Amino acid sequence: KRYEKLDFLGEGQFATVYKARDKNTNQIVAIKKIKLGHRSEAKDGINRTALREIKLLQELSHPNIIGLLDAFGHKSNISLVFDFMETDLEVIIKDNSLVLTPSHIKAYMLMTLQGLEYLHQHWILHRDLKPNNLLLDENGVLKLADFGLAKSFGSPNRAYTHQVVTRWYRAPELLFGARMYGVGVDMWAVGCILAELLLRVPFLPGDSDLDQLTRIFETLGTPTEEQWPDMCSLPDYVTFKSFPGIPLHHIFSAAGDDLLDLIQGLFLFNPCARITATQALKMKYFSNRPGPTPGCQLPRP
């Protein structure tokens, strides 16, 4: 009876989110109640996804990462308490009434990259980056969320499960079945998110894994063995027809030179060569003018 449920926010396949108040600080919070699921998963105890989110968010503290305020339950039921976020980036993108100026795009990129840099310094991969996982508060602060797929990286012999992001933002090494990877997967997702911000529509909207690979290669060209040295050794590799690709200044006609360099860095086929969050933050595009807009001035749907 600590929380007074007062609104229904949404229901997913694996959880249900409500609005509530703490009754002690009168703070508005979001409660994510985790579903038991099927009869078999109910007998296995508390959901592994909830345990993953709890164990990862208890060890992280950054302005641009969602904060876990509390967690309770009864028997195998469990509820996670988060700070309430007004909206997310997907709602901003699909809202035709608001204009995304270059400064807004730079600000949204900056907050995402700083959160990602803090996350990667602690040897954690988000693995589920997409516009609806970047939540916006009333003060225009972006936070990464939905840590149900996040996992620590760095220790060898830790292939583990094959869970991957939705295919529109999956990196080509993931689409080829790579089990061991680094920060490149999140960086490719970040490039896809930036492309979505620039075009206001999904950049590579494939309807299947093979269709996603086909779209990647038609838009950015089929990579050779010089660009991706050991690409043919991935478990789910298939040879493709060679595509010239489209020059990036044609796809993003309004993009300047610095933004173009950032995009090429984010969309490199070699996972090792792909820029990291620190390298991306040091890129000249962020230090150039105009600067990112203050969070209080960011567009609100």
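The first residue of the sequence shown is number 1, and the count goes up from there. Rigid core: the largest C-alpha set superposing within 1.5 Å between the two forms.
When the other structures are laid on the shown form by the core, the C-alphas of 165 to 173 and 70 to 78 differ in how far they drift in 4 other deposited structures of this protein; the larger average drift belongs to 70 to 78. Root mean square Cα distance to the shown form, taken over structures and residues in 4 other deposited structures of this protein after a core fit, is higher for 223 to 231 when 223 to 231 and 189 to 197 are compared. Per the records, residue 244 is modelled in every other compared entry, just as the shown structure includes it, so no third of them leave it out. When the other compared entries with both flanking residues are checked, residue 59 is modelled in all of them, not unmodelled in a third.
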